[PDB]
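Reviewing the structure listed below.
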Amino acid sequence: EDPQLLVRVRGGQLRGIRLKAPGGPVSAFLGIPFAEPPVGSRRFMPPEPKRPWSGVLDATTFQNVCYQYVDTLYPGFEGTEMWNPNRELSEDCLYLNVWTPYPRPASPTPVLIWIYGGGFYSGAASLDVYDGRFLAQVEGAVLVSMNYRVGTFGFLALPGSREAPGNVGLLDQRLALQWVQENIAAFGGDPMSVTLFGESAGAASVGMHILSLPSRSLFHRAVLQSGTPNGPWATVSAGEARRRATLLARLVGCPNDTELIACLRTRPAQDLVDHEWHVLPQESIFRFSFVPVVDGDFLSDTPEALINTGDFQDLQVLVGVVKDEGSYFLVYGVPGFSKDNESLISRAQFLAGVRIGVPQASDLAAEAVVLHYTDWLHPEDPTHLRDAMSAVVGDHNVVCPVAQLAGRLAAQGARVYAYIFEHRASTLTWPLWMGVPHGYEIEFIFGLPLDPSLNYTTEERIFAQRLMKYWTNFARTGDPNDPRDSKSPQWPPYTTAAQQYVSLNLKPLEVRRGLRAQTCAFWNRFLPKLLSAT
Amino acid sequence: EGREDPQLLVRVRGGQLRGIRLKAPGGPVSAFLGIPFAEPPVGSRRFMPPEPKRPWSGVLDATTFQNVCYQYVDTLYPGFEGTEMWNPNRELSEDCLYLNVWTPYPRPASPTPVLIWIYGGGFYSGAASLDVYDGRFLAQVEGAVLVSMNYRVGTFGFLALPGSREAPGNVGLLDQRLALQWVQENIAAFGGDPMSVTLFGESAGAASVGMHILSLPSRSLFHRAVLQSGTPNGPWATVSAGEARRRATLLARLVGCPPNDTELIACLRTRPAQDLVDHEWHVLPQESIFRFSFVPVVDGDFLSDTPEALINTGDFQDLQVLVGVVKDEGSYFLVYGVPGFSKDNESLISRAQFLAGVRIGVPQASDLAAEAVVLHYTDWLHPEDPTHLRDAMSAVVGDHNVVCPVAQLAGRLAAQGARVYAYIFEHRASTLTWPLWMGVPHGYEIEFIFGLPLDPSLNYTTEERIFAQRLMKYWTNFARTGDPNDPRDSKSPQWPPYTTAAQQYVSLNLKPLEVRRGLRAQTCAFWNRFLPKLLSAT
Ligand SMILES: C#CCCCCC[n+]1c(-c2ccccc2)c2cc(N)ccc2c2ccc(N)cc21
Ligand SMILES: [N-]=[N+]=NCCNc1c2c(nc3ccccc13)CCCC2
Ligand SMILES: [N-]=[N+]=NCCNc1c2c(nc3ccccc13)CCCC2
């Protein structure tokens with residue numbers, strides 16, 4: 001037996017696997033249980049800590065992926081199938097993974113905890129793009145990633161009920177954070193230097209841990225990639241969550257909350273998944289059925305209220321967006337859009353798209369969007385209309401909620417760093433018009449271009465090494481800049497006055513000012529006044 | 001006669017005239033100033049449409065400018081050329097319906113295209129006798145026959161009690177039409193071609209030109225039009241019959257006339273002209289800038305419908321139009337009524353002063369509409385920057401009142417069969433006495449079009465003299481042919497017509513013509529498409 005692969009955690013002994021990374025070995029501990037399987041009567045309930053086990057638990061393989069919808073739109077297509085589950089679907093999925101240097105760090109190492117995205121309805125920590133082996137091997141980081149319940153299983157709520165209180169998927173995340181505090185030192189990780197990092201729904205989850213006091217004691221720094229707790233999609237009211245849970249219950253034949261939830265608990269997991277999408281109030285894109293609820297408990301108030309009133313003084317935050325946040329969402333529900341054609345749409349198709357892209361918009365609000373995003377020089381130009389449609393979706397859902405978050409955090413004492421990721425992977429199978437879609441920065445941050453068998457360019461390998469250094473320097477120090485490296489140029493903190501952010505592309509860092517400032521003034525200041533007063 | 005200059009004796013329908021041999025830089029010109037075209041609109045004739053001037057006996061002396069129509073005289077900055085150059089230069093009188101004619105000397109042997117000037121002054125001021133409207137250069141240099149008329153302004157020209165016989169409104173526009181009718185009948189006596197008449201005007205003069213395009217009885221009196229920094233459409237050029245009735249009724253009250261329209265108008269007719277002028281400004285519904293009390297009324301007669309309705313539905317097939325704006329349309333109006341603004345300081349305003357200014361500059365805007373303006377014109381990188389706020393304030397006023405109504409007009413005329421040519425005048429006169437922050441204010445292109453830099457005693461630069469000659473050629477080439485371009489001179493950059501597809505316009509500055517696309521397109525989409533919907537809804 002290898003002593004480097006034998007770890008005793010509070011619940012007992014584990015056995016990891018020595019994994020080969022380009023530059024040398026890594027110790028991986030995959031499929032560690034952090035909770036009692038949330039099955040049977042425990043479905044929809046908060047996670048309970050995993051009871052101790054006898055003997056040496058085998059932690060050499062990834063465990064089950066949480067029960068979720070599987071995309072079947074483009075079968076065989078890498079573009080969709082890379083995000084699809086790579087392990088068996090099961091309700092028994094509350095497991096975490098730990099990658100550490102081989103041998104085990106001599107001194108306590110900063111911990112990076114990954115929270116995946118997938119609109120709160122999908123995802124797994126076992127995906128190839130979330131492989132912590134490069135960050136551990138190259139940057140000496142202790143990387144942790146956990147599975148958390150998604151869809152009805154993680155976010156169906158009957159607010160005020162004891163049986164289905166909502167936000168349990170976030171509680172699974174918090175339980176994995178408590179686990180890190182209690183056991184990461186056994187792996188050589190520093191529980192006193194924990195950075196959460198997530199993308200999309202994962203970034204929204206990270207934001208929701210910033211905004212929930214019982215989570216705040218479990219981490220020190222945060223990275224929010226292409227997602228935020230504020231915004232049109234990350235949360236729902238207690239009323240809206242109650243409406244959707246009641247409708248799904250009706251859809252599956254379930255007719256008192258105790259009674260309704262009990263019936264929902266008798267339903268096979270796939271019956272619940274089969275109706276998940278049928279509870280959205282309007283035809284929409286970038287809207288998910290079961291998401292965090294503003295319960296007055298995990299979230300004491302709405303993320304908008306909490307970001308405006310919170311004290312973020314002793315907090316360091318790295319935030320950012322990709323060049324084309326909304327391009328993916330268009331091929332899913334906007335007529336005229338396809339991955340297989342150049343998607344040159346007509347003016348009518350654009351006006352129709354704005355209603356789907358901004359489903360909460362009134363006739364007047366949708367017109368304000370249309371008149372803002374039209375190029376009044378070429379108002380009928382199909383390329384402009386196609387790109388404007390991508391921008392509406394990306395700006396509304398990601399860029400302007402990010403701009404609002406960075407602004408409020410900066411104004412309220414946080415130390416904020418903002419970026420725009422503009423590099424399209426050479427390997428990308430989505431059409432060129434989609435540009436840099438949501439999530440296609442992750443493989444660079446994780447350092448996948450370092451594996452020579454993955455067919456990335458040399459430029460991309462050097463670029464991945466750069467991003468790995470920004471992220472791990474941020475985790476170590478709260479600053480993504482290299483203290484050893486003089487002349488960079490430096491990455492300035494984002495401030496309300498200077499609104500500085502940098503561009504992450506193949507060229508050296510470029511400092512820019514104002515994150516889509518005029519456009520986000522429209523979304524963040526004007527449009528709310530349009531949907532409020534009228 | 002007998003010893004008189006034989007070139008200065010001309011007969012018209014009303015009788016004989018004697019003109020004057022004037023000196024222009026390049027040679028002599030014939031001027032016939034102070035020709036009467038209407039019966040003096042005095043006494044019982046006040047507020048009534050003009051009556052054609054009855055014939056006179058003997059030779060009428062037409063060697064001097066006549067009376068300026070009764071109007072408000074600016075006394076804001078005394079001694080200041082900036083304000084006093086627009087002030088009346090002849091006696092104020094209700095007896096003011098006279099016109100001026102400049103022609104080459106000797107008079108042309110063959111019929112010459114006619115240019116008819118309609119001055120601005122918010123429909124409350126102006127005169128055709130002003131130095132910047134001197135037709136001597138255009139007559140001498142370009143061989144033009146230039147006509148300019150005085151038309152009633154203020155209460156005298158535009159007070160209306162709509163539906164009444166005694167004060168029907170738009171009489172100031174009828175004075176203009178009467179002067180157009182006069183040109184048709186008599187211009188051939190001066191060597192002018194009645195079949196080639198181009199109207200040209202600036203600001204309220206341009207709104208007037210547009211209103212002649214939109215009124216059928218005027219359409220037979222001209223062939224081409226130039227609208228400089230003004231349009232019939234827009235927030236200030238017209239008022240509803242209801243609003244004109246409200247203002248006339250209030251003015252009556254303010255001067256002692258108790259509100260039957262006959263009784264009210266009769267009483268208004270007994271009031272000294274200065275009493276009416278003293279209260280003119282007190283009838284505006286809100287604290288505002290770029291809003292005038294007595295302006296054309298949508299009467300269902302001169303204007304069959306609103307200028308917006310008429311520009312959207314009209315057939316402009318056989319029409320050639322030259323339209324344009326100056327670099328800083330709104331800068332003047334800020335020193336007038338926006339707190340924080342002065343001609344004597346750099347006018348760096350605060351955010352609060354900007355929000356306050358938007359309410360004065362867009363007086364019809366609701367709380368939500370004013371916020372849409374504020375959020376559009378703010379630079380969200382430097383939202384507190386006083387220079388940006390100052391310039392944004394000028395832009396709101398200029399865009400709202402001139403640039404976007406012009407963009408709207410050019411678009412609708414172009415879409416409905418007209419040949420449109422658009423420009424942006426960007427040259428600030430070297431002689432200008434307004435501060436540099438005001439840039440190129442409203443009306444400061446006029447002296448270049450009229451060719452004042454050609455007079456060496458006026459202290460303009462050589463560049464400016466060459467530039468004036470260029471503009472005189474664009475304008476007269478347009479009057480002659482419906483195209484501002486010189487056919488002989490090809491390699492010289494050309495001026496493309498403005499179209500809905502390409503939205504092309506040119507820059508008129510010291511540098512050769514530069515073609516630009518989209519006349520403040522994103523911003524004017526806001527004023528012309530969005531803002532009205534913010535009214536139509538909340
Ligand atoms: C209420 C109202 C209208 C405000 C805008 C008009 C400003 N204005 C006035 C004036 C000032 C206060 C209340 C009402 C009117 C004015 C009042 C008098 N007595 C004489 C001249 C002017 C005046 C002259 C020119 C100009 N552009 C605005 C003016
Ligand atoms: N929303 N939803 N996303 C599910 C679709 N799968 C994809 C995901 C991400 N990016 C994608 C980009 C293109 C296509 C599918 C994608 C980011 C991480 C979450 C999952
Ligand atoms: N409107 N009104 N303005 C009264 C002041 N007179 C001026 C005029 C014009 N420009 C001016 C520019 C600055 C100051 C007064 C001006 C355009 C021609 C009509 C009159």
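Residue numbering restarts at 1 in every chain; chains get A, B, ... in the order shown in the structure tokens, and ligands count up from 1 in that same order.
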Which protein, DNA or RNA residues have an atom within 8 Å of ligand 2, counting only C-alpha atoms and all ligand atoms, as an mmCIF file with N, CA and C atoms, in the first residue's frame?
```
data_model
loop_
_atom_site.group_PDB
_atom_site.id
_atom_site.type_symbol
_atom_site.label_atom_id
_atom_site.label_comp_id
_atom_site.auth_asym_id
_atom_site.auth_seq_id
_atom_site.Cartn_x
_atom_site.Cartn_y
_atom_site.Cartn_z
ATOM 1 N N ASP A 71 -29.251 16.333 -21.991
ATOM 2 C CA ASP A 71 -29.438 16.960 -23.301
ATOM 3 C C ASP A 71 -29.304 15.921 -24.399
ATOM 4 N N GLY A 79 -20.043 19.430 -28.453
ATOM 5 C CA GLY A 79 -20.523 20.707 -27.942
ATOM 6 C C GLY A 79 -21.543 20.616 -26.826
ATOM 7 N N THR A 80 -22.476 19.654 -26.939
ATOM 8 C CA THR A 80 -23.500 19.413 -25.920
ATOM 9 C C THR A 80 -23.098 18.281 -25.000
ATOM 10 N N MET A 82 -20.261 17.250 -23.889
ATOM 11 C CA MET A 82 -19.184 17.449 -22.907
ATOM 12 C C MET A 82 -19.698 17.907 -21.535
ATOM 13 N N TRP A 83 -20.946 18.386 -21.491
ATOM 14 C CA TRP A 83 -21.595 18.901 -20.300
ATOM 15 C C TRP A 83 -22.546 17.863 -19.710
ATOM 16 N N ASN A 84 -22.838 16.805 -20.489
ATOM 17 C CA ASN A 84 -23.730 15.710 -20.131
ATOM 18 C C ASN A 84 -23.114 14.814 -19.062
ATOM 19 N N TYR A 116 -19.742 23.726 -9.758
ATOM 20 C CA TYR A 116 -20.146 23.735 -11.174
ATOM 21 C C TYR A 116 -21.466 24.485 -11.462
ATOM 22 N N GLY A 117 -21.675 24.820 -12.735
ATOM 23 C CA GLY A 117 -22.908 25.412 -13.256
ATOM 24 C C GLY A 117 -23.801 24.364 -13.911
ATOM 25 N N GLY A 118 -24.850 24.823 -14.592
ATOM 26 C CA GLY A 118 -25.810 23.962 -15.270
ATOM 27 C C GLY A 118 -27.244 24.332 -14.975
ATOM 28 N N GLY A 119 -27.475 25.647 -14.853
ATOM 29 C CA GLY A 119 -28.743 26.314 -14.582
ATOM 30 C C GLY A 119 -29.477 25.823 -13.362
ATOM 31 N N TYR A 121 -30.070 22.817 -12.760
ATOM 32 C CA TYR A 121 -30.805 21.614 -13.185
ATOM 33 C C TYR A 121 -29.876 20.517 -13.674
ATOM 34 N N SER A 122 -28.597 20.820 -13.831
ATOM 35 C CA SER A 122 -27.648 19.870 -14.368
ATOM 36 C C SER A 122 -26.256 20.171 -13.840
ATOM 37 N N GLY A 123 -25.305 19.306 -14.217
ATOM 38 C CA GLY A 123 -23.902 19.396 -13.851
ATOM 39 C C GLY A 123 -23.426 18.235 -13.019
ATOM 40 N N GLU A 199 -18.694 28.685 -11.901
ATOM 41 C CA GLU A 199 -19.104 29.293 -13.134
ATOM 42 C C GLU A 199 -20.617 29.139 -13.333
ATOM 43 N N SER A 200 -21.253 30.218 -13.835
ATOM 44 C CA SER A 200 -22.663 30.269 -14.168
ATOM 45 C C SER A 200 -23.491 30.048 -12.899
ATOM 46 N N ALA A 201 -24.330 28.983 -12.840
ATOM 47 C CA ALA A 201 -25.129 28.648 -11.663
ATOM 48 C C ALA A 201 -24.196 28.412 -10.459
ATOM 49 N N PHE A 286 -32.732 31.086 -20.883
ATOM 50 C CA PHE A 286 -31.972 31.493 -19.699
ATOM 51 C C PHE A 286 -32.871 31.616 -18.461
ATOM 52 N N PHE A 288 -34.736 28.852 -15.594
ATOM 53 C CA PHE A 288 -34.706 27.499 -15.070
ATOM 54 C C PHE A 288 -35.799 27.315 -14.021
ATOM 55 N N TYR A 328 -25.093 30.544 -26.809
ATOM 56 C CA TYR A 328 -25.604 29.182 -26.607
ATOM 57 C C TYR A 328 -27.135 29.126 -26.480
ATOM 58 N N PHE A 329 -27.704 30.005 -25.648
ATOM 59 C CA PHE A 329 -29.128 30.047 -25.308
ATOM 60 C C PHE A 329 -30.060 30.330 -26.474
ATOM 61 N N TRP A 430 -18.720 24.426 -31.788
ATOM 62 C CA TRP A 430 -19.882 25.279 -31.991
ATOM 63 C C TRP A 430 -19.521 26.191 -33.168
ATOM 64 N N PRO A 437 -18.626 31.033 -26.268
ATOM 65 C CA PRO A 437 -19.864 30.836 -25.479
ATOM 66 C C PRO A 437 -19.587 30.597 -24.005
ATOM 67 N N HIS A 438 -20.658 30.669 -23.173
ATOM 68 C CA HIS A 438 -20.699 30.435 -21.723
ATOM 69 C C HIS A 438 -19.919 29.140 -21.379
ATOM 70 N N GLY A 439 -18.992 29.189 -20.437
ATOM 71 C CA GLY A 439 -18.269 28.021 -19.957
ATOM 72 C C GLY A 439 -17.033 27.626 -20.720
ATOM 73 N N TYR A 440 -16.715 28.306 -21.845
ATOM 74 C CA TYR A 440 -15.547 27.860 -22.631
ATOM 75 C C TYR A 440 -14.201 28.509 -22.215
#
```
Could you find all residues in region 313-524 of chain A that DSSP calls strand (DSSP E) from the backbone, and write them as a list in words? residues 316, 317, 318, 319, 320, 321, 322, 415, 416, 417, 418, 419, 420, 421, 500, 501, 502, 503, 504, 510, 511, 512 and 513 of chain A
Please write the residues from the selection above to a file, keeping N, CA, C and O atoms, as a JSON list (two decimals), in the first residue's frame.
```
[["chain", "number", "residue", "atom", "x", "y", "z"],
["A", 316, "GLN", "N", -12.38, 39.54, -0.70],
["A", 316, "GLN", "CA", -11.71, 39.64, -2.00],
["A", 316, "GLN", "C", -12.51, 38.81, -2.99],
["A", 316, "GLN", "O", -12.88, 37.66, -2.70],
["A", 317, "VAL", "N", -12.83, 39.42, -4.14],
["A", 317, "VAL", "CA", -13.67, 38.82, -5.16],
["A", 317, "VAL", "C", -13.07, 39.02, -6.55],
["A", 317, "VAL", "O", -12.70, 40.14, -6.90],
["A", 318, "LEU", "N", -13.04, 37.94, -7.35],
["A", 318, "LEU", "CA", -12.65, 37.94, -8.76],
["A", 318, "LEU", "C", -13.94, 37.64, -9.57],
["A", 318, "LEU", "O", -14.62, 36.65, -9.31],
["A", 319, "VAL", "N", -14.34, 38.55, -10.45],
["A", 319, "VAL", "CA", -15.57, 38.44, -11.25],
["A", 319, "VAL", "C", -15.26, 38.61, -12.71],
["A", 319, "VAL", "O", -14.35, 39.36, -13.07],
["A", 320, "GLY", "N", -16.08, 38.01, -13.56],
["A", 320, "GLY", "CA", -15.91, 38.20, -14.98],
["A", 320, "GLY", "C", -16.89, 37.48, -15.85],
["A", 320, "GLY", "O", -17.71, 36.69, -15.37],
["A", 321, "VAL", "N", -16.76, 37.75, -17.15],
["A", 321, "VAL", "CA", -17.64, 37.28, -18.21],
["A", 321, "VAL", "C", -16.84, 36.79, -19.42],
["A", 321, "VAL", "O", -15.67, 37.13, -19.55],
["A", 322, "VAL", "N", -17.49, 36.03, -20.32],
["A", 322, "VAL", "CA", -16.93, 35.58, -21.59],
["A", 322, "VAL", "C", -17.48, 36.52, -22.66],
["A", 322, "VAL", "O", -18.45, 37.25, -22.40],
["A", 415, "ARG", "N", -12.63, 44.05, -2.12],
["A", 415, "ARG", "CA", -11.51, 44.26, -3.03],
["A", 415, "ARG", "C", -11.93, 43.39, -4.22],
["A", 415, "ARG", "O", -12.10, 42.18, -4.05],
["A", 416, "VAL", "N", -12.26, 44.02, -5.35],
["A", 416, "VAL", "CA", -12.81, 43.36, -6.54],
["A", 416, "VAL", "C", -11.83, 43.46, -7.72],
["A", 416, "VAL", "O", -11.24, 44.51, -7.91],
["A", 417, "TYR", "N", -11.74, 42.39, -8.53],
["A", 417, "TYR", "CA", -10.95, 42.28, -9.76],
["A", 417, "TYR", "C", -11.93, 41.76, -10.81],
["A", 417, "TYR", "O", -12.66, 40.81, -10.54],
["A", 418, "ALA", "N", -12.03, 42.42, -11.96],
["A", 418, "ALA", "CA", -12.97, 42.05, -13.02],
["A", 418, "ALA", "C", -12.23, 41.74, -14.30],
["A", 418, "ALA", "O", -11.16, 42.32, -14.55],
["A", 419, "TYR", "N", -12.79, 40.83, -15.12],
["A", 419, "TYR", "CA", -12.17, 40.46, -16.40],
["A", 419, "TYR", "C", -13.24, 40.23, -17.48],
["A", 419, "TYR", "O", -14.43, 40.07, -17.17],
["A", 420, "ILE", "N", -12.78, 40.16, -18.74],
["A", 420, "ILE", "CA", -13.57, 39.75, -19.89],
["A", 420, "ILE", "C", -12.71, 38.71, -20.60],
["A", 420, "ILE", "O", -11.56, 38.99, -20.94],
["A", 421, "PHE", "N", -13.21, 37.48, -20.71],
["A", 421, "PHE", "CA", -12.47, 36.38, -21.35],
["A", 421, "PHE", "C", -12.87, 36.38, -22.83],
["A", 421, "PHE", "O", -14.05, 36.21, -23.13],
["A", 500, "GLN", "N", -12.30, 49.80, -13.81],
["A", 500, "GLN", "CA", -11.27, 49.05, -14.53],
["A", 500, "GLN", "C", -11.40, 47.55, -14.47],
["A", 500, "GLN", "O", -11.63, 46.97, -13.42],
["A", 501, "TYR", "N", -11.20, 46.91, -15.62],
["A", 501, "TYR", "CA", -11.20, 45.45, -15.81],
["A", 501, "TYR", "C", -10.15, 45.14, -16.86],
["A", 501, "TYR", "O", -9.65, 46.05, -17.52],
["A", 502, "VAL", "N", -9.77, 43.88, -16.99],
["A", 502, "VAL", "CA", -8.76, 43.48, -17.95],
["A", 502, "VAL", "C", -9.31, 42.50, -18.99],
["A", 502, "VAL", "O", -10.33, 41.84, -18.74],
["A", 503, "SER", "N", -8.61, 42.37, -20.12],
["A", 503, "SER", "CA", -9.00, 41.41, -21.13],
["A", 503, "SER", "C", -8.09, 40.19, -21.02],
["A", 503, "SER", "O", -6.85, 40.32, -20.99],
["A", 504, "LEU", "N", -8.73, 38.99, -20.93],
["A", 504, "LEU", "CA", -8.03, 37.73, -20.87],
["A", 504, "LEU", "C", -8.19, 37.11, -22.25],
["A", 504, "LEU", "O", -9.28, 36.68, -22.62],
["A", 510, "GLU", "N", -4.63, 43.77, -21.01],
["A", 510, "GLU", "CA", -5.01, 45.11, -21.45],
["A", 510, "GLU", "C", -6.06, 45.58, -20.44],
["A", 510, "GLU", "O", -7.01, 44.84, -20.14],
["A", 511, "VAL", "N", -5.87, 46.78, -19.89],
["A", 511, "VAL", "CA", -6.77, 47.39, -18.93],
["A", 511, "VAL", "C", -7.79, 48.22, -19.73],
["A", 511, "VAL", "O", -7.42, 49.05, -20.57],
["A", 512, "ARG", "N", -9.07, 47.97, -19.48],
["A", 512, "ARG", "CA", -10.20, 48.65, -20.10],
["A", 512, "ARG", "C", -11.04, 49.29, -18.98],
["A", 512, "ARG", "O", -10.94, 48.89, -17.82],
["A", 513, "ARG", "N", -11.87, 50.28, -19.33],
["A", 513, "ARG", "CA", -12.68, 50.97, -18.32],
["A", 513, "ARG", "C", -14.15, 50.95, -18.69],
["A", 513, "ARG", "O", -14.53, 51.26, -19.81]]
```
Please check which protein, DNA or RNA residues sit within 8 Å of ligand 1, counting only C-alpha atoms and all ligand atoms, and write them as a JSON list (two decimals) with N, CA and C atoms, in the first residue's frame.
```
[["chain", "number", "residue", "atom", "x", "y", "z"],
["B", 72, "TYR", "N", -40.10, 91.83, -29.54],
["B", 72, "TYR", "CA", -39.28, 91.91, -28.34],
["B", 72, "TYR", "C", -37.84, 92.24, -28.76],
["B", 74, "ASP", "N", -33.96, 92.22, -27.41],
["B", 74, "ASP", "CA", -33.06, 91.64, -26.39],
["B", 74, "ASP", "C", -32.19, 92.73, -25.80],
["B", 278, "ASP", "N", -44.87, 93.16, -23.93],
["B", 278, "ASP", "CA", -44.52, 93.10, -22.50],
["B", 278, "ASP", "C", -45.01, 91.83, -21.78],
["B", 279, "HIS", "N", -46.10, 91.19, -22.28],
["B", 279, "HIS", "CA", -46.69, 90.00, -21.67],
["B", 279, "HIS", "C", -46.56, 88.73, -22.47],
["B", 280, "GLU", "N", -46.05, 88.84, -23.69],
["B", 280, "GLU", "CA", -45.87, 87.72, -24.60],
["B", 280, "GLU", "C", -45.28, 86.47, -23.94],
["B", 281, "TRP", "N", -44.21, 86.64, -23.17],
["B", 281, "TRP", "CA", -43.50, 85.54, -22.55],
["B", 281, "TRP", "C", -44.21, 84.91, -21.35],
["B", 282, "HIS", "N", -45.18, 85.61, -20.77],
["B", 282, "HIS", "CA", -45.90, 85.16, -19.59],
["B", 282, "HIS", "C", -47.00, 84.11, -19.84],
["B", 283, "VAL", "N", -47.17, 83.61, -21.09],
["B", 283, "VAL", "CA", -48.23, 82.64, -21.39],
["B", 283, "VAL", "C", -47.72, 81.19, -21.62],
["B", 284, "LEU", "N", -46.39, 80.94, -21.56],
["B", 284, "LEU", "CA", -45.82, 79.59, -21.74],
["B", 284, "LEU", "C", -46.24, 78.71, -20.58],
["B", 285, "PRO", "N", -46.64, 77.45, -20.86],
["B", 285, "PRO", "CA", -47.22, 76.61, -19.79],
["B", 285, "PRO", "C", -46.28, 76.11, -18.71],
["B", 286, "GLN", "N", -44.97, 76.10, -18.96],
["B", 286, "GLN", "CA", -43.94, 75.60, -18.03],
["B", 286, "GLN", "C", -42.68, 76.47, -18.19],
["B", 287, "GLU", "N", -41.77, 76.38, -17.19],
["B", 287, "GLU", "CA", -40.47, 77.03, -17.25],
["B", 287, "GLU", "C", -39.75, 76.24, -18.37],
["B", 288, "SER", "N", -39.31, 76.93, -19.43],
["B", 288, "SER", "CA", -38.73, 76.25, -20.59],
["B", 288, "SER", "C", -37.73, 77.08, -21.37],
["B", 289, "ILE", "N", -37.00, 76.42, -22.26],
["B", 289, "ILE", "CA", -36.05, 76.99, -23.22],
["B", 289, "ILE", "C", -36.41, 76.37, -24.56],
["B", 290, "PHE", "N", -36.21, 77.11, -25.67],
["B", 290, "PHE", "CA", -36.55, 76.70, -27.04],
["B", 290, "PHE", "C", -38.08, 76.48, -27.20],
["B", 291, "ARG", "N", -38.88, 77.31, -26.50],
["B", 291, "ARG", "CA", -40.33, 77.32, -26.58],
["B", 291, "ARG", "C", -40.77, 78.76, -26.71],
["B", 292, "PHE", "N", -41.62, 79.01, -27.72],
["B", 292, "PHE", "CA", -42.07, 80.34, -28.06],
["B", 292, "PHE", "C", -43.59, 80.42, -27.93],
["B", 333, "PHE", "N", -29.40, 78.61, -26.22],
["B", 333, "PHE", "CA", -30.60, 78.49, -25.39],
["B", 333, "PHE", "C", -30.33, 78.19, -23.93],
["B", 336, "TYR", "N", -29.76, 81.41, -21.69],
["B", 336, "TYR", "CA", -31.05, 82.04, -21.60],
["B", 336, "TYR", "C", -31.76, 81.66, -20.26],
["B", 337, "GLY", "N", -32.14, 80.39, -20.09],
["B", 337, "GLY", "CA", -32.89, 79.94, -18.91],
["B", 337, "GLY", "C", -32.45, 78.70, -18.14]]
```
6 Å from ligand 3 is the threshold here; counting only C-alpha atoms and all ligand atoms, which polymer residues fall inside it? Answer as a PyMOL selection string. chain B and resi 82-83+86+120-122+332+441-443
Dump N, CA, C and O atoms for the selected residues as an mmCIF file, in the first residue's frame?
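The new file selection.cif reads:
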```cif
data_model
loop_
_atom_site.group_PDB
_atom_site.id
_atom_site.type_symbol
_atom_site.label_atom_id
_atom_site.label_comp_id
_atom_site.auth_asym_id
_atom_site.auth_seq_id
_atom_site.Cartn_x
_atom_site.Cartn_y
_atom_site.Cartn_z
ATOM 1 N N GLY B 82 -22.890 89.697 -29.989
ATOM 2 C CA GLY B 82 -23.526 88.378 -29.960
ATOM 3 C C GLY B 82 -25.043 88.402 -29.951
ATOM 4 O O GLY B 82 -25.685 87.622 -30.657
ATOM 5 N N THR B 83 -25.623 89.323 -29.172
ATOM 6 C CA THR B 83 -27.070 89.497 -29.086
ATOM 7 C C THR B 83 -27.571 90.620 -30.004
ATOM 8 O O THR B 83 -28.517 90.405 -30.769
ATOM 9 N N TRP B 86 -28.757 90.503 -33.976
ATOM 10 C CA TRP B 86 -30.039 89.906 -34.298
ATOM 11 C C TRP B 86 -31.182 90.860 -33.968
ATOM 12 O O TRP B 86 -32.329 90.610 -34.354
ATOM 13 N N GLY B 120 -35.371 83.600 -39.300
ATOM 14 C CA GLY B 120 -35.763 82.975 -38.039
ATOM 15 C C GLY B 120 -35.928 84.014 -36.925
ATOM 16 O O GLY B 120 -35.895 85.229 -37.180
ATOM 17 N N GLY B 121 -36.057 83.537 -35.684
ATOM 18 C CA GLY B 121 -36.232 84.365 -34.488
ATOM 19 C C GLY B 121 -37.396 83.911 -33.637
ATOM 20 O O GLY B 121 -38.141 84.744 -33.101
ATOM 21 N N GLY B 122 -37.549 82.583 -33.560
ATOM 22 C CA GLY B 122 -38.545 81.841 -32.800
ATOM 23 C C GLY B 122 -39.976 82.238 -33.061
ATOM 24 O O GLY B 122 -40.824 82.028 -32.191
ATOM 25 N N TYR B 332 -26.761 78.261 -27.416
ATOM 26 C CA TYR B 332 -27.351 79.580 -27.151
ATOM 27 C C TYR B 332 -28.461 79.552 -26.079
ATOM 28 O O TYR B 332 -28.471 80.379 -25.170
ATOM 29 N N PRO B 441 -22.856 78.149 -32.594
ATOM 30 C CA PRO B 441 -24.273 78.244 -32.208
ATOM 31 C C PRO B 441 -25.205 78.440 -33.396
ATOM 32 O O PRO B 441 -24.737 78.728 -34.502
ATOM 33 N N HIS B 442 -26.530 78.295 -33.147
ATOM 34 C CA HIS B 442 -27.651 78.468 -34.078
ATOM 35 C C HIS B 442 -27.487 79.784 -34.870
ATOM 36 O O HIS B 442 -27.289 80.812 -34.238
ATOM 37 N N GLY B 443 -27.571 79.748 -36.191
ATOM 38 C CA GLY B 443 -27.523 80.926 -37.040
ATOM 39 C C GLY B 443 -26.167 81.406 -37.461
ATOM 40 O O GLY B 443 -26.093 82.342 -38.262
#
```
